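Input: a single structure, listed below in structure tokens.
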Amino acid sequence: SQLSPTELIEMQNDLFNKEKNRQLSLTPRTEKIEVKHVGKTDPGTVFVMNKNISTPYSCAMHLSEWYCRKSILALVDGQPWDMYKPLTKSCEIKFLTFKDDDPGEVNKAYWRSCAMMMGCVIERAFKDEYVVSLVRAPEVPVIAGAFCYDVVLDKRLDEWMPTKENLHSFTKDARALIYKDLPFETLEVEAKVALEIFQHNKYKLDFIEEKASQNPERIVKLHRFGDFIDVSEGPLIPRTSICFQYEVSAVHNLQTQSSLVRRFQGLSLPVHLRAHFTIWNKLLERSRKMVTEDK
Amino acid sequence: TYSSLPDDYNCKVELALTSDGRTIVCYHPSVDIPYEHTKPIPXXXXXXXXXXXXXXXXXXXXXXXXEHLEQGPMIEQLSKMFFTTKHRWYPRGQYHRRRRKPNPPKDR
Amino acid sequence: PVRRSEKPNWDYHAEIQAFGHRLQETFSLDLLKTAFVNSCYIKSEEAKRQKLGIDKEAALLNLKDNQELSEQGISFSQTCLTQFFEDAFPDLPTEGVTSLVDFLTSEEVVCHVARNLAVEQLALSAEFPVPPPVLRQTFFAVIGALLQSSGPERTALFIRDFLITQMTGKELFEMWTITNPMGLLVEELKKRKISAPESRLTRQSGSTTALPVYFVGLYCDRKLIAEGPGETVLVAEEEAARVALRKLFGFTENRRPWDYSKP
Amino acid sequence: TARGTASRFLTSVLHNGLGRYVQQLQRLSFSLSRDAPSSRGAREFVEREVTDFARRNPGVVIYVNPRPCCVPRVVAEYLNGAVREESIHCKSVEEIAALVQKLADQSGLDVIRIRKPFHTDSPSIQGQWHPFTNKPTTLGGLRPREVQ
């Protein structure tokens with residue numbers, strides 16, 4: 001088997017599109033679903049929407065632009081939903097923001113999102129001659145000063161460690177990614193049809209195995225933006241626009257016996273919370289340390 | 001061998017008079033530029049934009065050029081570039097671009 | 001836009017007769033009437049005959065569309081032009097006469113000439129703006145119809161009058177579109193047993209200006225085969241290549257204007 | 001005023017006159033009134049001239065309508081798609097004949113100020129001047145101050 005870089009991307013997107021078509025071809029034929037607003041602004045507000053098509057974002061378009069722009073994450077019953085996930089049965093919806101009193105749910109949803117971006121930054125930035133295997137997106141708590149992604153690289157490429165030029169280029173391509181506006185999309189896949197998309201990454205295939213194993217229906221949660229697809233835990237933030245300052249700060253070589261795993265550590269803030277040029281240097285200092293919470 | 005103008009540029013010229021006298025015939029073949037007068041084509045290219053670590057980032061750092069300046073400084077750079085005064089470079093009123101011809105007559 | 005046939009003054013027979021009389025051509029009126037009939041007009045006529053309960057079919061199937069005539073027309077037309085260019089410019093390659101013929105027979109050009117001869121007005125078809133693929137068929141139908149009534153000798157003159165003339169003022173690589181001037185020049189020089197095309201820089205004004213000007217000459221064994229202007233050394237090379245190609249192939253500003261004589 | 005109108009360069013329709021001359025007038029339609037006086041001239045032109053004019057110009061179709069109409073008009077129509085209107089209203093027979101003969105030989109291209117008297121293609125035969133055309137060449141293409 002011999003594969004081109006663009007071919008694999010296309011194939012993944014085709015698998016994903018086949019998925020979508022198969023999810024939509026369930027023939028709901030526009031069934032009426034009912035949502036209620038339990039939020040504190042307009043209580044006793046009802047929404048008659050279209051089951052498994054209409055979204056909690058499409059529910060914000062009824063209120064005002066303010067909701068559309070401010071709300072990162074929806075709290076529907078006992079679950080956070082992300083804005084672009086269609087809705088299943090009758091629900092009750094509350095909207096979450098960065099300035100709310102228990103933003104934590106959103107915060108976890110930020111790092112996850114932010115981490116995923118740095119995937120695109122990396123895999124596509126390498127020479128055709130080498131090989132980049134993305135491993136997992138280890139979830140650190142927010143008090144640790146960074147977000148981290150795990151990466152394995154070609155064995156002959158393993159001796160050199162990055163230069164401030166390379167780092168700055170990572171940052172630059174990240175911000176260039178933020179520049180064009182990318183929506184985030186959520187799909188529910190079976191382990192059988194999920195294991196076919198990732199393939200060549202063994203760590204993806206095994207992570208999928210464990211993750212889908214712990215939950216009885218063998219369900220994998222996929223997140224697609226642009227040409228990139230990634231499996232993660234929990235919901236993501238609605239648009240790429242929301243991320244303002246992006247930095248790829250440090251990269252650290254960690255070595256196990258059977259694997260050489262590099263951490264990519266970075267820092268980012270939302271356009272809502274954006275911080276001053278002095279503070280940014282202070283936090284960009286703390287993101288240089290090797291930050292370990294895996295378990 | 002007499003010619004009023006040198007044969008060293010444009011055309012070599014020959015003025016003859018018809019035997020009868022009623023016609024001036026004029027023979028002017030083109031002068032090809034001699035090879036000894038030319039210089040070799042300048043060919044200068046250096047691509048060092050490439051980093052040895054990653055070539056996709058090395059050819060993604062070729063589209064990394066951009067800036068935005070103020071109206072005034074921009075105008076001074078444009079007029080320096082084309083060797084113009086700085087007045088030509090300013091916008092035009094509504095009234096003027098309303099009345100610019102939509103379809104200018106094209107010849108040949 | 002409305003059909004002239006639907007407007008106040010119309011006599012279709014008078015128009016048909018006049019058409020031929022003004023170009024000085026002899027058509028059996030049967031063949032010409034045949035020529036302006038389109039499959040679209042027939043299909044619409046059948047739609048109306050079916051939806052109104054009107055009995056048409058026999059005499060409407062007797063209408064004999066322009067298909068055969070149009071095919072005769074295009075085949076003889078391309079044959080004719082190909083012979084013209086082959087005999088006029090001996091040095092053009094197969095691909096060249098191919099492209100020129102392709103250009104005179106192009107949708108645009110034929111549409112234009114047909115529009116101005118009042119072929120669009122006299123054509124029977126659905127949808128009065130008369131889309132280009134229709135108008136083309138309609139136009140060549142006339143040609144085939146001439147080929148029947150008059151010998152190939154007459155149709156020769158007609159084609160060279162209302163078609164070849166469209167080529168007045170236009171350049172070669174305007175209708176060739178070939179994007180590799182250099183390689184093709186090298187090929188043609190190899191085919192001519194001519195050795196080494198060499199790019200050499202002749203005159204240049206300003207190299208530091210936003211507006212430089214270059215002249216590249218091309219040398220085959222110290223002789224200057226062609227020369228051209230440009231904004232860069234590359235564009236200049238391309239231009240000299242164009243010029244060389246033009247001399248070799250024979251399409252040049254100096255070439256004799258196209259003959260018109262009537263034997 | 002010449003700054004008031006549009007303009008065209010000198011033009012022929014369909015490169016007319018090269019291969020052959022194609023008379024550009026296509027249809028000519030008169031509307032007169034048998035009863036009313038203003039059409040008097042228009043009447044005589046129909047009796048005497050229209051026959052010989054039609055014989056002389058085989059190409060143009062001539063439509064003639066008597067109708068209850070007060071201002072006799074002739075509508076020229078061109079191979080070009082151009083349409084030109086005239087009133088033959090209250091004119092002599094020599095005047096109608098003359099007008100029709102003016103219509104006959106026009107192109108149908110609009111009468112509008114023509115920019116320059118001639119349309120040339122390939123005006124440039126044997127060369128077209130460029131600043132370098134008459135300057136002498138030097139050795140090795142050296143600049144004014146250069147050293148090789």
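So you can find residues: chains in the structure tokens are A, B, ... in the order shown, residues in each start at 1, and ligands are numbered from 1 in order.
These are the residues of chain B assigned helix (DSSP H, G or I) by DSSP from backbone coordinates: residues 35, 36, 37, 55, 56, 57, 58, 59, 60, 71, 72, 73, 74, 75, 76, 77, 78, 79, 80, 81, 82, 94, 95, 96, 97 and 98 of chain B.
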Got time to write the residues from that selection, N, CA and C atoms, as a PDB file, in the first residue's frame?
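So the final result, stored in out.pdb, reads:
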ATOM      1  N   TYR B  35      26.232  39.794 -32.907  1.00  0.00           N
ATOM      2  CA  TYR B  35      26.309  39.013 -31.681  1.00  0.00           C
ATOM      3  C   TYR B  35      27.366  39.506 -30.700  1.00  0.00           C
ATOM      4  N   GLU B  36      28.384  40.203 -31.194  1.00  0.00           N
ATOM      5  CA  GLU B  36      29.472  40.647 -30.323  1.00  0.00           C
ATOM      6  C   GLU B  36      29.058  41.780 -29.386  1.00  0.00           C
ATOM      7  N   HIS B  37      27.908  42.385 -29.659  1.00  0.00           N
ATOM      8  CA  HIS B  37      27.416  43.513 -28.876  1.00  0.00           C
ATOM      9  C   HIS B  37      26.541  43.135 -27.668  1.00  0.00           C
ATOM     10  N   UNK B  55      10.189  20.375   5.072  1.00  0.00           N
ATOM     11  CA  UNK B  55       9.963  21.076   3.767  1.00  0.00           C
ATOM     12  C   UNK B  55       8.505  21.624   3.556  1.00  0.00           C
ATOM     13  N   UNK B  56       7.491  20.983   4.130  1.00  0.00           N
ATOM     14  CA  UNK B  56       6.136  21.565   4.049  1.00  0.00           C
ATOM     15  C   UNK B  56       6.036  22.897   4.827  1.00  0.00           C
ATOM     16  N   UNK B  57       6.668  22.978   5.996  1.00  0.00           N
ATOM     17  CA  UNK B  57       6.811  24.275   6.690  1.00  0.00           C
ATOM     18  C   UNK B  57       7.797  25.251   5.943  1.00  0.00           C
ATOM     19  N   UNK B  58       8.786  24.685   5.259  1.00  0.00           N
ATOM     20  CA  UNK B  58       9.747  25.468   4.459  1.00  0.00           C
ATOM     21  C   UNK B  58       9.136  26.138   3.171  1.00  0.00           C
ATOM     22  N   UNK B  59       8.112  25.513   2.597  1.00  0.00           N
ATOM     23  CA  UNK B  59       7.366  26.093   1.478  1.00  0.00           C
ATOM     24  C   UNK B  59       6.008  26.770   1.950  1.00  0.00           C
ATOM     25  N   UNK B  60       5.615  26.518   3.200  1.00  0.00           N
ATOM     26  CA  UNK B  60       4.530  27.304   3.874  1.00  0.00           C
ATOM     27  C   UNK B  60       5.053  28.659   4.485  1.00  0.00           C
ATOM     28  N   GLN B  71      -2.406  55.395   5.268  1.00  0.00           N
ATOM     29  CA  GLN B  71      -2.630  56.017   3.970  1.00  0.00           C
ATOM     30  C   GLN B  71      -1.454  56.914   3.529  1.00  0.00           C
ATOM     31  N   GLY B  72      -0.980  57.787   4.417  1.00  0.00           N
ATOM     32  CA  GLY B  72       0.088  58.727   4.088  1.00  0.00           C
ATOM     33  C   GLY B  72       1.437  58.124   3.701  1.00  0.00           C
ATOM     34  N   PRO B  73       2.014  57.309   4.598  1.00  0.00           N
ATOM     35  CA  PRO B  73       3.226  56.530   4.317  1.00  0.00           C
ATOM     36  C   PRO B  73       3.103  55.619   3.072  1.00  0.00           C
ATOM     37  N   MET B  74       1.999  54.877   2.958  1.00  0.00           N
ATOM     38  CA  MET B  74       1.727  54.077   1.766  1.00  0.00           C
ATOM     39  C   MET B  74       1.851  54.918   0.503  1.00  0.00           C
ATOM     40  N   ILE B  75       1.143  56.045   0.475  1.00  0.00           N
ATOM     41  CA  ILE B  75       1.223  56.967  -0.656  1.00  0.00           C
ATOM     42  C   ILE B  75       2.667  57.411  -0.963  1.00  0.00           C
ATOM     43  N   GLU B  76       3.451  57.732   0.067  1.00  0.00           N
ATOM     44  CA  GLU B  76       4.844  58.122  -0.185  1.00  0.00           C
ATOM     45  C   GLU B  76       5.688  56.990  -0.778  1.00  0.00           C
ATOM     46  N   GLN B  77       5.390  55.750  -0.388  1.00  0.00           N
ATOM     47  CA  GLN B  77       6.125  54.613  -0.939  1.00  0.00           C
ATOM     48  C   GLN B  77       5.757  54.361  -2.401  1.00  0.00           C
ATOM     49  N   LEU B  78       4.469  54.468  -2.724  1.00  0.00           N
ATOM     50  CA  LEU B  78       3.995  54.336  -4.109  1.00  0.00           C
ATOM     51  C   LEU B  78       4.580  55.378  -5.054  1.00  0.00           C
ATOM     52  N   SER B  79       4.615  56.619  -4.579  1.00  0.00           N
ATOM     53  CA  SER B  79       5.146  57.699  -5.390  1.00  0.00           C
ATOM     54  C   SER B  79       6.669  57.623  -5.496  1.00  0.00           C
ATOM     55  N   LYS B  80       7.329  57.050  -4.489  1.00  0.00           N
ATOM     56  CA  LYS B  80       8.755  56.755  -4.619  1.00  0.00           C
ATOM     57  C   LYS B  80       9.017  55.663  -5.664  1.00  0.00           C
ATOM     58  N   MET B  81       8.203  54.603  -5.621  1.00  0.00           N
ATOM     59  CA  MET B  81       8.277  53.474  -6.561  1.00  0.00           C
ATOM     60  C   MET B  81       8.150  53.877  -8.021  1.00  0.00           C
ATOM     61  N   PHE B  82       7.075  54.585  -8.362  1.00  0.00           N
ATOM     62  CA  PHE B  82       6.856  54.945  -9.764  1.00  0.00           C
ATOM     63  C   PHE B  82       7.370  56.332 -10.149  1.00  0.00           C
ATOM     64  N   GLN B  94     -17.375  60.910  -5.364  1.00  0.00           N
ATOM     65  CA  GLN B  94     -18.513  60.214  -5.960  1.00  0.00           C
ATOM     66  C   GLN B  94     -18.775  60.709  -7.362  1.00  0.00           C
ATOM     67  N   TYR B  95     -18.959  62.025  -7.454  1.00  0.00           N
ATOM     68  CA  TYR B  95     -19.393  62.701  -8.668  1.00  0.00           C
ATOM     69  C   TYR B  95     -18.533  62.375  -9.871  1.00  0.00           C
ATOM     70  N   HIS B  96     -17.235  62.185  -9.644  1.00  0.00           N
ATOM     71  CA  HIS B  96     -16.334  61.884 -10.742  1.00  0.00           C
ATOM     72  C   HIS B  96     -16.425  60.440 -11.211  1.00  0.00           C
ATOM     73  N   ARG B  97     -16.417  59.481 -10.297  1.00  0.00           N
ATOM     74  CA  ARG B  97     -16.499  58.111 -10.765  1.00  0.00           C
ATOM     75  C   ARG B  97     -17.928  57.703 -11.153  1.00  0.00           C
ATOM     76  N   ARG B  98     -18.923  58.543 -10.885  1.00  0.00           N
ATOM     77  CA  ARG B  98     -20.240  58.285 -11.456  1.00  0.00           C
ATOM     78  C   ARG B  98     -20.157  58.417 -12.965  1.00  0.00           C
TER      79      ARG B  98
END
Counting only C-alpha atoms, chain C residues within 10 Å of chain D, as a PyMOL selection string: chain C and resi 9-11+14-15+17-24+112-119+121+157-166+168-170+201-205+215+229+252-255+259-261
Top pick for closest residue to chain A, considering B:40, B:64, B:5, B:17 and counting only C-alpha atoms: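 Closest residue, counting only C-alpha atoms: B:64.
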Could you please select, counting only C-alpha atoms, the residues of chain A within 7 Å of chain B and state them as a PDB file with C-alpha atoms, in the first residue's frame?
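Saved file selection39.pdb follows:
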ATOM      1  CA  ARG A 124       0.855  19.421   7.836  1.00  0.00           C
ATOM      2  CA  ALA A 125       4.046  21.358   8.633  1.00  0.00           C
ATOM      3  CA  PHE A 126       6.418  18.453   8.073  1.00  0.00           C
ATOM      4  CA  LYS A 127       8.423  17.358   5.026  1.00  0.00           C
TER       5      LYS A 127
END
Residue list for chain C near chain B as a VMD selection string, 8 Å, only C-alpha atoms: chain C and resid 169 199 to 202 209 to 211 219 222 to 224 233
Every residue of chain B that DSSP places in strand (DSSP E or B), as a VMD selection string: chain B and resid 11 14 to 17 24 to 27 30 39 to 40
Shell around stretch 179-191 of chain C at 9 Å using only C-alpha atoms, local window under 3 positions removed, as a ChimeraX atom specification: /C:176,194-197,237-239,241-242,244-245,248
Can I get the selected residues back with C-alpha atoms, as a CSV table (one decimal), in the first residue's frame?
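The result, written out as result.csv:
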chain,number,residue,atom,x,y,z
C,176,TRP,CA,-3.3,28.8,-30.9
C,194,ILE,CA,18.9,24.0,-37.1
C,195,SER,CA,21.0,23.5,-34.0
C,196,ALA,CA,21.1,25.8,-31.0
C,197,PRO,CA,18.6,28.6,-30.0
C,237,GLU,CA,12.4,35.3,-23.8
C,238,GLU,CA,8.8,34.2,-24.3
C,239,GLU,CA,8.3,37.2,-26.7
C,241,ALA,CA,10.2,32.9,-29.0
C,242,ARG,CA,6.8,34.0,-30.3
C,244,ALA,CA,10.8,33.3,-34.1
C,245,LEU,CA,7.9,30.9,-34.2
C,248,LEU,CA,9.3,30.0,-39.1
Between atom CA of residue A:279 and atom CA of residue A:146, distance in Å (one decimal): 14.7 Å
Within 6 Å of stretch 97-110 of chain D using only C-alpha atoms, minus same-chain residues under 2 positions, as a list in words: residues 24, 25, 78, 82, 94, 95 and 112 of chain D
Can you list, as a short mmCIF file (atom, residue, chain, number, x, y, z; two decimals) with C-alpha atoms, in the first residue's frame, every protein, DNA or RNA residue that comes within 9 Å of residue D:32 when you count only C-alpha atoms, leaving out same-chain residues fewer than 4 positions away?
data_model
loop_
_atom_site.label_atom_id
_atom_site.label_comp_id
_atom_site.auth_asym_id
_atom_site.auth_seq_id
_atom_site.Cartn_x
_atom_site.Cartn_y
_atom_site.Cartn_z
CA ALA D 36 -55.48 62.27 -45.86
CA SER D 38 -50.16 64.92 -45.51
CA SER D 39 -49.53 61.63 -47.28
CA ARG D 40 -49.81 63.10 -50.77
CA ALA D 42 -46.03 59.30 -50.05
CA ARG D 43 -48.80 58.29 -52.41
CA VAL D 64 -46.45 49.03 -47.99
CA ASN D 65 -49.45 49.67 -45.74
CA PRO D 66 -52.25 52.09 -46.41
CA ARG D 67 -53.93 52.65 -43.02
CA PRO D 68 -55.98 55.35 -41.28
CA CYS D 69 -52.81 57.23 -40.19
CA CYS D 70 -52.04 60.99 -39.98
CA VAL D 71 -48.23 61.19 -40.26
CA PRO D 72 -46.77 59.04 -43.08
CA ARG D 73 -43.63 57.27 -41.90
CA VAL D 74 -41.00 55.01 -43.36
#
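From atom CA of residue C:141 back to atom CA of residue C:31, the distance works out to 9.4 Å.
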Shell around stretch 72-84 of chain A at 9 Å using only C-alpha atoms, local window under 3 positions removed, as number ranges by chain: A: 54-58, 68-69, 91-98, 105-106, 109-110, 183-186, 234-239, 242
Non-local contacts of residue A:4 (10 Å; only C-alpha atoms; under 4 positions in same chain excluded) as an NGL selection string: :A and (8-9 or 128)
Writing out the chosen residues with N, CA and C atoms as a compact mmCIF listing (two decimals), in the first residue's frame:
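Produced file out12.txt, reproduced below:
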# COMPACT_ATOMS: atom_id res chain seq x y z
N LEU A 8 -5.11 10.64 1.41
CA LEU A 8 -5.55 10.17 2.72
C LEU A 8 -6.54 11.14 3.36
N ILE A 9 -6.22 12.43 3.26
CA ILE A 9 -7.12 13.48 3.71
C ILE A 9 -8.51 13.35 3.07
N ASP A 128 7.54 15.84 3.35
CA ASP A 128 6.95 14.61 2.84
C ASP A 128 7.79 13.38 3.17
